[PDB]
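Asks: As input, take final-v6.pdb (PDB, C-alpha atoms (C1' of nucleotides)):
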```pdb
ATOM      1  CA  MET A1793      -5.498 166.120 158.499
ATOM      2  CA  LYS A1794      -6.563 166.720 154.868
ATOM      3  CA  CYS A1795      -8.583 163.473 154.848
ATOM      4  CA  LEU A1796     -10.250 164.036 158.214
ATOM      5  CA  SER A1797     -10.925 167.609 157.072
ATOM      6  CA  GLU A1798     -12.911 166.058 154.230
ATOM      7  CA  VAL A1799     -14.570 163.793 156.830
ATOM      8  CA  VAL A1800     -15.691 166.733 158.973
ATOM      9  CA  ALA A1801     -16.671 168.586 155.793
ATOM     10  CA  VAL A1802     -19.132 165.752 155.184
ATOM     11  CA  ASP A1803     -20.322 165.748 158.829
ATOM     12  CA  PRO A1804     -19.907 169.131 160.563
ATOM     13  CA  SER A1805     -21.730 167.819 163.655
ATOM     14  CA  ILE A1806     -18.647 166.215 165.225
ATOM     15  CA  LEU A1807     -16.452 169.276 165.896
ATOM     16  CA  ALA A1808     -17.116 169.144 169.656
ATOM     17  CA  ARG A1809     -14.932 166.242 170.858
ATOM     18  CA  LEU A1810     -12.138 167.693 172.956
ATOM     19  CA  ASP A1811      -9.077 165.630 171.966
ATOM     20  CA  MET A1812      -9.522 166.341 168.251
ATOM     21  CA  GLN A1813     -10.035 170.007 169.196
ATOM     22  CA  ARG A1814      -6.651 169.897 170.944
ATOM     23  CA  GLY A1815      -5.150 168.197 167.901
ATOM     24  CA  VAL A1816      -6.482 170.720 165.387
ATOM     25  CA  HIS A1817      -5.343 173.633 167.582
ATOM     26  CA  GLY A1818      -1.889 172.074 167.900
ATOM     27  CA  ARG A1819      -1.728 171.687 164.129
ATOM     28  CA  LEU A1820      -2.711 175.349 163.804
ATOM     29  CA  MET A1821       0.340 176.123 165.951
ATOM     30  CA  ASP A1822       2.474 173.273 164.570
ATOM     31  CA  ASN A1823       5.970 174.156 163.344
ATOM     32  CA  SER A1824       5.226 173.346 159.685
ATOM     33  CA  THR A1825       3.335 174.956 156.811
ATOM     34  CA  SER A1826       1.407 172.021 155.351
ATOM     35  CA  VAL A1827      -0.345 171.051 158.604
ATOM     36  CA  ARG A1828      -1.251 174.733 159.002
ATOM     37  CA  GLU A1829      -2.946 174.965 155.615
ATOM     38  CA  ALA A1830      -4.689 171.620 156.220
ATOM     39  CA  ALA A1831      -6.064 172.805 159.570
ATOM     40  CA  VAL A1832      -7.096 176.239 158.311
ATOM     41  CA  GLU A1833      -8.748 174.556 155.307
ATOM     42  CA  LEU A1834     -10.673 172.393 157.794
ATOM     43  CA  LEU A1835     -11.797 175.464 159.730
ATOM     44  CA  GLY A1836     -12.731 177.321 156.541
ATOM     45  CA  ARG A1837     -14.814 174.411 155.277
ATOM     46  CA  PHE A1838     -16.544 174.366 158.664
ATOM     47  CA  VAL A1839     -17.161 178.123 158.354
ATOM     48  CA  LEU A1840     -18.637 177.873 154.852
ATOM     49  CA  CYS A1841     -20.819 174.870 155.691
ATOM     50  CA  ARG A1842     -21.761 176.310 159.119
ATOM     51  CA  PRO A1843     -21.702 180.148 159.111
ATOM     52  CA  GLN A1844     -22.924 180.286 162.720
ATOM     53  CA  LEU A1845     -21.015 179.050 165.814
ATOM     54  CA  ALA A1846     -17.628 179.603 164.084
ATOM     55  CA  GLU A1847     -17.342 183.331 164.866
ATOM     56  CA  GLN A1848     -16.101 182.351 168.335
ATOM     57  CA  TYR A1849     -13.121 180.810 166.488
ATOM     58  CA  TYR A1850     -12.943 183.732 164.023
ATOM     59  CA  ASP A1851     -10.156 185.371 166.066
ATOM     60  CA  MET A1852      -7.861 182.366 165.502
ATOM     61  CA  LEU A1853      -8.914 182.320 161.828
ATOM     62  CA  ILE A1854      -8.072 185.986 161.339
ATOM     63  CA  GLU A1855      -4.764 185.571 163.162
ATOM     64  CA  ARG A1856      -3.867 182.731 160.739
ATOM     65  CA  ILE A1857      -3.672 185.195 157.818
ATOM     66  CA  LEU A1858      -0.008 186.000 158.600
ATOM     67  CA  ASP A1859       1.828 182.670 158.526
ATOM     68  CA  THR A1860       5.167 183.256 156.600
ATOM     69  CA  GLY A1861       4.195 180.463 154.208
ATOM     70  CA  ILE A1862       3.191 180.603 150.562
ATOM     71  CA  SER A1863       0.039 178.514 150.089
ATOM     72  CA  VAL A1864      -1.277 178.988 153.653
ATOM     73  CA  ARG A1865      -1.995 182.675 152.961
ATOM     74  CA  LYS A1866      -3.583 181.874 149.604
ATOM     75  CA  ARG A1867      -5.847 179.367 151.345
ATOM     76  CA  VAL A1868      -6.856 181.775 154.121
ATOM     77  CA  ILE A1869      -7.535 184.510 151.524
ATOM     78  CA  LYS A1870      -9.797 182.071 149.667
ATOM     79  CA  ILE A1871     -11.570 181.295 152.960
ATOM     80  CA  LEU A1872     -12.117 184.925 153.947
ATOM     81  CA  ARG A1873     -13.098 185.966 150.412
ATOM     82  CA  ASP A1874     -15.798 183.300 150.432
ATOM     83  CA  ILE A1875     -16.906 184.376 153.927
ATOM     84  CA  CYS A1876     -17.245 187.941 152.636
ATOM     85  CA  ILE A1877     -19.037 186.888 149.459
ATOM     86  CA  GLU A1878     -21.596 184.529 151.029
ATOM     87  CA  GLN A1879     -22.758 186.329 154.211
ATOM     88  CA  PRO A1880     -23.028 190.124 154.384
ATOM     89  CA  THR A1881     -23.928 191.966 157.630
ATOM     90  CA  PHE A1882     -21.478 189.908 159.688
ATOM     91  CA  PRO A1883     -20.449 192.177 162.593
ATOM     92  CA  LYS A1884     -16.673 192.084 162.006
ATOM     93  CA  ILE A1885     -16.398 192.256 158.201
ATOM     94  CA  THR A1886     -14.807 195.673 157.650
ATOM     95  CA  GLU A1887     -12.087 195.244 160.290
ATOM     96  CA  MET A1888     -11.466 191.872 158.619
ATOM     97  CA  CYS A1889     -11.412 193.679 155.262
ATOM     98  CA  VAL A1890      -8.586 195.887 156.554
ATOM     99  CA  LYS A1891      -6.033 193.228 157.290
ATOM    100  CA  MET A1892      -5.451 191.553 153.921
ATOM    101  CA  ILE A1893      -4.889 194.817 152.073
ATOM    102  CA  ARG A1894      -2.060 195.176 154.573
ATOM    103  CA  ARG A1895      -0.592 192.105 152.833
ATOM    104  CA  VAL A1896      -1.105 193.207 149.216
ATOM    105  CA  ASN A1897       2.540 194.226 148.757
ATOM    106  CA  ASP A1898       3.966 191.107 150.407
ATOM    107  CA  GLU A1899       4.409 188.786 147.357
ATOM    108  CA  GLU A1900       3.657 189.100 143.654
ATOM    109  CA  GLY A1901       1.165 186.201 143.646
ATOM    110  CA  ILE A1902      -0.760 187.453 146.697
ATOM    111  CA  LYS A1903      -0.832 190.908 145.036
ATOM    112  CA  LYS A1904      -2.540 189.433 141.954
ATOM    113  CA  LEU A1905      -5.060 187.117 143.615
ATOM    114  CA  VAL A1906      -6.124 189.828 146.079
ATOM    115  CA  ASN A1907      -6.416 192.345 143.214
ATOM    116  CA  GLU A1908      -8.861 190.333 141.115
ATOM    117  CA  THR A1909     -10.539 189.111 144.340
ATOM    118  CA  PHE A1910     -11.466 192.668 145.312
ATOM    119  CA  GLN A1911     -12.118 193.661 141.696
ATOM    120  CA  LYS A1912     -14.827 191.004 141.452
ATOM    121  CA  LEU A1913     -15.835 191.883 145.035
ATOM    122  CA  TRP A1914     -16.021 195.674 144.628
ATOM    123  CA  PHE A1915     -14.902 197.202 141.333
ATOM    124  CA  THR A1916     -17.319 195.761 138.775
ATOM    125  CA  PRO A1917     -19.055 197.869 136.063
ATOM    126  CA  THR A1918     -22.498 197.764 137.818
ATOM    127  CA  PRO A1919     -24.931 199.037 135.127
ATOM    128  CA  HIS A1920     -27.669 201.553 135.849
ATOM    129  CA  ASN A1921     -29.794 199.425 138.204
ATOM    130  CA  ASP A1922     -29.864 198.064 141.780
ATOM    131  CA  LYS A1923     -29.137 201.307 143.619
ATOM    132  CA  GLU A1924     -29.155 199.637 147.057
ATOM    133  CA  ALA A1925     -26.319 197.226 146.197
ATOM    134  CA  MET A1926     -24.179 200.178 145.095
ATOM    135  CA  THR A1927     -25.348 201.975 148.255
ATOM    136  CA  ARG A1928     -24.120 199.472 150.814
ATOM    137  CA  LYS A1929     -21.042 198.878 148.653
ATOM    138  CA  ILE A1930     -20.329 202.593 149.185
ATOM    139  CA  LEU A1931     -21.141 202.118 152.883
ATOM    140  CA  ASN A1932     -18.665 199.231 153.203
ATOM    141  CA  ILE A1933     -15.943 201.212 151.397
ATOM    142  CA  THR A1934     -16.500 204.152 153.764
ATOM    143  CA  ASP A1935     -16.313 201.868 156.818
ATOM    144  CA  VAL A1936     -13.059 200.381 155.474
ATOM    145  CA  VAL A1937     -11.439 203.766 154.853
ATOM    146  CA  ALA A1938     -12.676 205.000 158.252
ATOM    147  CA  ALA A1939     -11.069 202.013 159.987
ATOM    148  CA  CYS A1940      -7.974 202.674 157.833
ATOM    149  CA  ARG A1941      -7.083 205.987 159.526
ATOM    150  CA  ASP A1942      -5.387 204.664 162.690
ATOM    151  CA  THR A1943      -2.703 202.543 161.005
ATOM    152  CA  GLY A1944      -2.048 204.105 157.599
ATOM    153  CA  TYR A1945      -3.498 204.880 154.173
ATOM    154  CA  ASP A1946      -0.568 203.976 151.883
ATOM    155  CA  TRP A1947      -1.596 200.327 151.458
ATOM    156  CA  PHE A1948      -4.992 201.041 149.903
ATOM    157  CA  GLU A1949      -3.712 203.684 147.482
ATOM    158  CA  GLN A1950      -0.955 201.223 146.562
ATOM    159  CA  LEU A1951      -3.768 198.754 145.804
ATOM    160  CA  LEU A1952      -5.410 201.460 143.675
ATOM    161  CA  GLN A1953      -2.171 201.905 141.720
ATOM    162  CA  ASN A1954      -2.000 198.110 141.365
ATOM    163  CA  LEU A1955      -5.379 198.171 139.627
ATOM    164  CA  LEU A1956      -4.355 201.254 137.623
ATOM    165  CA  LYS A1957      -1.228 199.664 136.142
ATOM    166  CA  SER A1958      -2.952 196.283 135.627
ATOM    167  CA  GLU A1959      -4.923 197.639 132.634
ATOM    168  CA  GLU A1960      -2.305 199.327 130.462
ATOM    169  CA  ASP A1961      -4.376 199.128 127.267
ATOM    170  CA  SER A1962      -8.080 199.973 126.896
ATOM    171  CA  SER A1963      -9.560 196.564 127.885
ATOM    172  CA  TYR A1964     -12.956 198.404 127.971
ATOM    173  CA  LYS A1965     -11.589 200.222 131.065
ATOM    174  CA  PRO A1966     -13.874 198.201 133.371
ATOM    175  CA  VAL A1967     -12.766 199.554 136.759
ATOM    176  CA  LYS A1968     -12.059 203.025 135.291
ATOM    177  CA  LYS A1969     -15.654 203.657 134.198
ATOM    178  CA  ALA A1970     -16.808 202.048 137.455
ATOM    179  CA  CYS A1971     -14.310 204.356 139.179
ATOM    180  CA  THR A1972     -16.123 207.478 138.013
ATOM    181  CA  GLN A1973     -19.403 205.587 138.568
ATOM    182  CA  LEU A1974     -18.265 205.459 142.182
ATOM    183  CA  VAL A1975     -17.021 208.981 142.773
ATOM    184  CA  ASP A1976     -20.018 211.056 141.622
ATOM    185  CA  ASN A1977     -22.204 208.636 143.583
ATOM    186  CA  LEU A1978     -20.086 209.522 146.611
ATOM    187  CA  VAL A1979     -20.691 213.145 145.614
ATOM    188  CA  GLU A1980     -24.349 212.126 145.307
ATOM    189  CA  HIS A1981     -24.016 210.677 148.813
ATOM    190  CA  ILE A1982     -22.657 214.064 149.880
ATOM    191  CA  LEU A1983     -25.498 215.609 147.857
ATOM    192  CA  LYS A1984     -27.864 213.573 150.039
ATOM    193  CA  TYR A1985     -25.800 213.773 153.246
ATOM    194  CA  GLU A1986     -26.776 217.410 153.966
ATOM    195  CA  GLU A1987     -26.589 217.045 157.781
ATOM    196  CA  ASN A1998     -23.007 211.798 161.590
ATOM    197  CA  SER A1999     -19.914 213.906 160.911
ATOM    198  CA  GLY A2000     -17.773 210.765 161.120
ATOM    199  CA  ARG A2001     -19.462 209.425 157.995
ATOM    200  CA  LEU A2002     -18.878 212.819 156.346
TER     201      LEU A2002
ATOM    202  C1'  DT B   1    -151.111 298.137   1.416
ATOM    203  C1'  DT B   2    -146.386 299.082   4.623
ATOM    204  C1'  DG B   3    -143.189 299.845   8.810
ATOM    205  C1'  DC B   4    -142.572 298.261  13.077
ATOM    206  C1'  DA B   5    -142.506 294.881  17.037
ATOM    207  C1'  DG B   6    -142.676 290.559  18.142
ATOM    208  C1'  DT B   7    -142.938 285.161  16.962
ATOM    209  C1'  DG B   8    -141.770 280.414  14.529
ATOM    210  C1'  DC B   9    -138.912 277.392  12.612
ATOM    211  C1'  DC B  10    -134.919 275.192  10.662
ATOM    212  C1'  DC B  11    -130.256 274.516  10.924
ATOM    213  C1'  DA B  12    -125.853 273.636  13.034
ATOM    214  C1'  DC B  13    -121.867 273.737  15.822
ATOM    215  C1'  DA B  14    -120.982 273.395  20.378
ATOM    216  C1'  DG B  15    -121.399 271.268  24.537
ATOM    217  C1'  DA B  16    -121.908 267.557  26.976
ATOM    218  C1'  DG B  17    -121.762 262.868  28.923
ATOM    219  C1'  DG B  18    -122.128 257.922  28.260
ATOM    220  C1'  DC B  19    -119.398 254.428  25.630
ATOM    221  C1'  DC B  20    -115.219 252.248  24.948
ATOM    222  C1'  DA B  21    -110.146 250.461  24.633
ATOM    223  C1'  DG B  22    -106.011 251.177  26.891
ATOM    224  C1'  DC B  23    -103.294 250.906  30.815
ATOM    225  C1'  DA B  24    -101.555 250.981  35.469
ATOM    226  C1'  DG B  25    -102.457 249.860  40.639
ATOM    227  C1'  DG B  26    -102.423 246.095  44.526
ATOM    228  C1'  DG B  27    -102.837 241.411  45.533
ATOM    229  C1'  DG B  28    -103.654 235.813  45.117
ATOM    230  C1'  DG B  29    -101.863 231.434  43.522
ATOM    231  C1'  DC B  30     -98.581 228.392  40.935
ATOM    232  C1'  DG B  31     -93.842 226.231  38.182
ATOM    233  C1'  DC B  32     -89.352 225.408  39.234
ATOM    234  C1'  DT B  33     -84.842 225.399  41.463
ATOM    235  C1'  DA B  34     -79.992 226.421  44.224
ATOM    236  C1'  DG B  35     -78.350 225.864  48.511
ATOM    237  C1'  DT B  36     -77.920 224.788  52.927
ATOM    238  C1'  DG B  37     -79.297 222.328  57.290
ATOM    239  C1'  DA B  38     -79.891 218.449  59.830
ATOM    240  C1'  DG B  39     -80.439 213.612  60.693
ATOM    241  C1'  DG B  40     -79.369 208.816  60.027
ATOM    242  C1'  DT B  41     -76.343 204.999  58.625
ATOM    243  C1'  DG B  42     -72.052 202.795  57.774
ATOM    244  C1'  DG B  43     -67.150 202.318  58.367
ATOM    245  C1'  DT B  44     -63.275 202.701  60.838
ATOM    246  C1'  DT B  45     -60.392 202.624  64.433
ATOM    247  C1'  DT B  46     -59.814 202.666  68.792
ATOM    248  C1'  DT B  47     -59.939 202.159  73.081
ATOM    249  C1'  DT B  48     -61.145 199.847  76.761
ATOM    250  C1'  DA B  49     -61.099 195.519  78.387
ATOM    251  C1'  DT B  50     -59.968 190.588  78.993
ATOM    252  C1'  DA B  51     -57.110 186.448  79.066
ATOM    253  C1'  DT B  52     -52.651 183.937  78.519
ATOM    254  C1'  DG B  53     -47.792 183.282  79.040
ATOM    255  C1'  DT B  54     -43.611 184.501  81.100
ATOM    256  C1'  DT B  55     -41.089 186.079  84.761
ATOM    257  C1'  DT B  56     -40.437 187.859  89.295
ATOM    258  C1'  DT B  57     -41.237 187.589  94.072
ATOM    259  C1'  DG B  58     -41.978 185.213  98.278
ATOM    260  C1'  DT B  59     -41.580 181.213 101.011
ATOM    261  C1'  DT B  60     -39.407 176.871 102.568
ATOM    262  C1'  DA B  61     -35.687 173.521 103.660
ATOM    263  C1'  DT B  62     -30.879 172.078 104.011
ATOM    264  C1'  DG B  63     -26.047 172.761 104.947
ATOM    265  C1'  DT B  64     -22.423 175.341 106.877
ATOM    266  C1'  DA B  65     -20.418 178.078 110.281
ATOM    267  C1'  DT B  66     -20.348 180.095 114.860
ATOM    268  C1'  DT B  67     -20.837 180.049 119.857
ATOM    269  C1'  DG B  68     -20.983 177.696 123.769
ATOM    270  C1'  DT B  69     -19.990 173.350 127.511
ATOM    271  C1'  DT B  70     -18.307 170.131 130.054
ATOM    272  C1'  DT B  71     -14.377 167.497 130.079
ATOM    273  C1'  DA B  72      -9.282 166.976 129.689
ATOM    274  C1'  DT B  73      -4.755 166.855 128.947
ATOM    275  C1'  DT B  74      -1.286 170.747 129.853
ATOM    276  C1'  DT B  75       0.674 173.594 132.872
ATOM    277  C1'  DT B  76       2.196 175.828 136.285
ATOM    278  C1'  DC B  77       2.328 177.261 141.054
ATOM    279  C1'  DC B  78       3.704 175.384 145.402
ATOM    280  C1'  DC B  79       5.865 172.141 148.698
ATOM    281  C1'  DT B  80       9.712 168.411 151.047
ATOM    282  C1'  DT B  81      13.806 165.637 149.451
ATOM    283  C1'  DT B  82      17.878 164.622 147.396
ATOM    284  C1'  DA B  83      22.561 165.322 143.845
ATOM    285  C1'  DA B  84      25.616 168.020 142.297
ATOM    286  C1'  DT B  85      28.233 171.883 143.531
ATOM    287  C1'  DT B  86      30.381 175.216 145.806
ATOM    288  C1'  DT B  87      33.363 177.149 149.801
ATOM    289  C1'  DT B  88      36.724 176.755 153.664
ATOM    290  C1'  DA B  89      40.477 175.035 156.026
ATOM    291  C1'  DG B  90      44.818 171.638 156.288
ATOM    292  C1'  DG B  91      48.466 169.019 154.340
ATOM    293  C1'  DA B  92      51.553 168.366 150.857
ATOM    294  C1'  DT B  93      54.327 170.000 146.677
ATOM    295  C1'  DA B  94      57.530 172.680 143.991
ATOM    296  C1'  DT B  95      60.425 175.747 142.275
ATOM    297  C1'  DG B  96      63.034 179.584 143.675
ATOM    298  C1'  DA B  97      66.535 181.766 145.819
ATOM    299  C1'  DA B  98      69.637 182.719 149.198
ATOM    300  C1'  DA B  99      73.499 180.299 151.411
ATOM    301  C1'  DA B 100      77.201 177.652 151.953
ATOM    302  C1'  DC B 101      80.873 175.144 149.673
ATOM    303  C1'  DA B 102      84.234 174.341 146.240
ATOM    304  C1'  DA B 103      86.895 176.037 142.106
ATOM    305  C1'  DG B 104      89.724 179.558 139.168
ATOM    306  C1'  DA B 105      92.070 183.654 139.457
ATOM    307  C1'  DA B 106      94.781 187.343 141.229
ATOM    308  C1'  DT B 107      97.969 189.756 144.487
TER     309       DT B 107
END
```
Would you kindly transcribe this structure into structure tokens?

Replies:
Amino acid sequence: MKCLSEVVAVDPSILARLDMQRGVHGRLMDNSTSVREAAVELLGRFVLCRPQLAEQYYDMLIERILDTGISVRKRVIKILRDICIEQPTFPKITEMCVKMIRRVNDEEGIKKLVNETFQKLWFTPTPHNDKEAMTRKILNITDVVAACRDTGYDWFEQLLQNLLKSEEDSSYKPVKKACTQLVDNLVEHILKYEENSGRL
DNA sequence: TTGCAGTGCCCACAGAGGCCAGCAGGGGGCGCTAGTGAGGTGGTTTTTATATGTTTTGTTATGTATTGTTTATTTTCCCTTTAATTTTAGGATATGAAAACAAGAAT
């Protein structure tokens, strides 16, 4: 599977033949970890090389996040982090962005890699320029916390405490400054909201 | 001839005015000199100015140290597979302790 995953990574225009489709699906639901990470790595390489036409299989991809393994979840986090970082405006990002913070407390290693993943993804210093990037960053955060209400809020604040404890010394306080750089901007958003109540 | 009334003449002493030396008035022209005043020349220094030597400043080139870069050998996190290692009966041992027997002792 790993080798033929490299093969289809070279040539994405083969992932239509039905018997290999049955085989890769069976290895997704095979009773072993290593085949599962090989198959999800195949699908993730297909997704990164071909952003389109894989969203029909995105439901299987997003249900492979929870696999009771160790490296399978690291691999699927890498896949979804690269999906998030390379194509914005995908219609099911924020719902996606919910599910892995639900797994931040699961293991110590996942806790780490997710923490710096989102810290590079969201909580960067962002100097005084490029207002629109900060703007739809704020928009994405609001969509995440809005989709957060049905299940529960404790996971994301636990993530916040994970970032808080991670910098026990000064270390320039990179998120911390950015933290206040967020909140007044949200106040600024409120300052420009002025009138839609779901976003409020 | 005389007395009286009136005239002539001579002198003389002031009386008068020209003559004269003496003397004082105003201004003309020269003999000579003390004392500045100014102008010109020479000396001195001095002051500006000019040129030379030394040093200071500015520019250039080389070497060392610092930061960055793709390797590159750790290294370390994560699998599937054994190699001790542990736990649970199951049988056998042992060492004890009553139990029975045999041996003094008494009645």

Asks: Give as a list in words every residue of chain A that touches chain B within 10 Å, counting all atoms listed in the file.

Replies: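 Listed by rising number, the hits are residues 1825, 1826, 1862, 1863 and 1901 of chain A.
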
Asks: Grab the CA of residue 1818 in chain A to CA of residue 1831 in chain A distance for me, in Å with one decimal place.

Replies: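 Distance between the two atoms: 9.3 Å.
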
Asks: CA of residue 1931 in chain A to CA of residue 1947 in chain A: how many Å, to one decimal?

Replies: 19.7 Å

Asks: Return as lines of an AutoDock Vina configuration file the box centre and box size in Å, one decimal, for an axis-aligned box around all listed atoms of range 69-72 of chain B padded by 6 Å per side.

Replies:
```
center_x = -14.6
center_y = 170.2
center_z = 128.8
size_x = 22.7
size_y = 18.4
size_z = 14.6
```

Asks: Can you tell me how far CA of residue 1868 in chain A sits from CA of residue 1897 in chain A, in Å to one decimal?

Replies: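 CA of residue 1897 in chain A lies at a distance of 16.5 Å from CA of residue 1868 in chain A.
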
Asks: List as JSON, numbers by chain the protein and nucleic acid residues near residue 1893 in chain A, meaning an atom at most 8 Å away when all atoms listed in the file are counted, but skip any in the same chain fewer than 3 places from it.

Replies: {"A": [1889, 1890, 1896, 1906, 1947, 1948, 1951]}

Asks: Apply the PyMOL selection byres ((chain A and resi 1874) around 12) to the file shown and report the selected residues as number ranges by chain.

Replies: A: 1836-1837, 1839-1841, 1843, 1867-1873, 1875-1880, 1885, 1909-1910, 1912-1913

Asks: Selection in question (the file shown): the PyMOL selection byres ((chain A and resi 1965-1977) around 10). Which residues does it include, as a PyMOL selection string?

Replies: chain A and resi 1911-1912+1914-1920+1926-1927+1929-1930+1955-1956+1959-1964+1978-1984

Asks: Once the PyMOL selection byres ((chain A and resi 1802-1804) around 10) is applied to the coordinates I shared, what remains selected? I want it as a list in words.

Replies: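 With the shown file as input, the PyMOL selection byres ((chain A and resi 1802-1804) around 10) matches residues 1796, 1797, 1798, 1799, 1800, 1801, 1805, 1806, 1807, 1808, 1837, 1838, 1839, 1841 and 1842 of chain A.
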
Asks: Residues at most 10 Å from residue 1945 in chain A, counting all atoms listed in the file, excluding those fewer than 6 positions away in the same chain, as a tab-separated table (two decimals) with C-alpha atoms, in the coordinates of the input?

Replies:
```
chain	number	residue	atom	x	y	z
A	1894	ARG	CA	-2.06	195.18	154.57
A	1937	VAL	CA	-11.44	203.77	154.85
A	1939	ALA	CA	-11.07	202.01	159.99
```

Asks: If I only have part of range 1853-1865 of chain A, can you fill in N, CA, C and O atoms and write it as a CSV table (one decimal), in the frame of the given file?

Replies:
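Wrote it out as out.csv, contents follow:
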```
chain,number,residue,atom,x,y,z
A,1853,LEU,N,-8.9,182.3,163.3
A,1853,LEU,CA,-8.9,182.3,161.8
A,1853,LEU,C,-8.3,183.6,161.3
A,1853,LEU,O,-7.4,183.5,160.4
A,1854,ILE,N,-8.6,184.7,161.8
A,1854,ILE,CA,-8.1,186.0,161.3
A,1854,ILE,C,-6.6,186.2,161.8
A,1854,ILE,O,-5.9,186.9,161.2
A,1855,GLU,N,-6.2,185.5,162.8
A,1855,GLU,CA,-4.8,185.6,163.2
A,1855,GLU,C,-3.9,184.6,162.4
A,1855,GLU,O,-2.7,184.7,162.3
A,1856,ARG,N,-4.6,183.6,161.6
A,1856,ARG,CA,-3.9,182.7,160.7
A,1856,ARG,C,-3.6,183.3,159.4
A,1856,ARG,O,-3.1,182.6,158.5
A,1857,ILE,N,-3.9,184.6,159.1
A,1857,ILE,CA,-3.7,185.2,157.8
A,1857,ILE,C,-2.2,185.4,157.6
A,1857,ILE,O,-1.7,185.3,156.4
A,1858,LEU,N,-1.4,185.7,158.6
A,1858,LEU,CA,0.0,186.0,158.6
A,1858,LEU,C,0.8,184.8,159.1
A,1858,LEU,O,1.1,184.6,160.3
A,1859,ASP,N,1.2,183.9,158.2
A,1859,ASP,CA,1.8,182.7,158.5
A,1859,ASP,C,3.2,182.4,157.9
A,1859,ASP,O,3.7,181.3,158.0
A,1860,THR,N,3.8,183.4,157.2
A,1860,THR,CA,5.2,183.3,156.6
A,1860,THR,C,5.3,182.0,155.7
A,1860,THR,O,6.4,181.6,155.5
A,1861,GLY,N,4.2,181.6,155.1
A,1861,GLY,CA,4.2,180.5,154.2
A,1861,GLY,C,4.0,181.0,152.8
A,1861,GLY,O,4.3,182.2,152.5
A,1862,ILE,N,3.6,180.2,151.9
A,1862,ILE,CA,3.2,180.6,150.6
A,1862,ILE,C,1.8,180.2,150.2
A,1862,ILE,O,1.0,181.1,149.8
A,1863,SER,N,1.4,179.0,150.4
A,1863,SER,CA,0.0,178.5,150.1
A,1863,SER,C,-0.9,178.7,151.3
A,1863,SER,O,-2.1,178.7,151.0
A,1864,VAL,N,-0.4,178.8,152.5
A,1864,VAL,CA,-1.3,179.0,153.7
A,1864,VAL,C,-2.0,180.3,153.6
A,1864,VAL,O,-3.2,180.4,153.9
A,1865,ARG,N,-1.4,181.4,153.1
A,1865,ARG,CA,-2.0,182.7,153.0
A,1865,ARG,C,-3.0,182.7,151.8
A,1865,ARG,O,-4.0,183.3,151.9
```
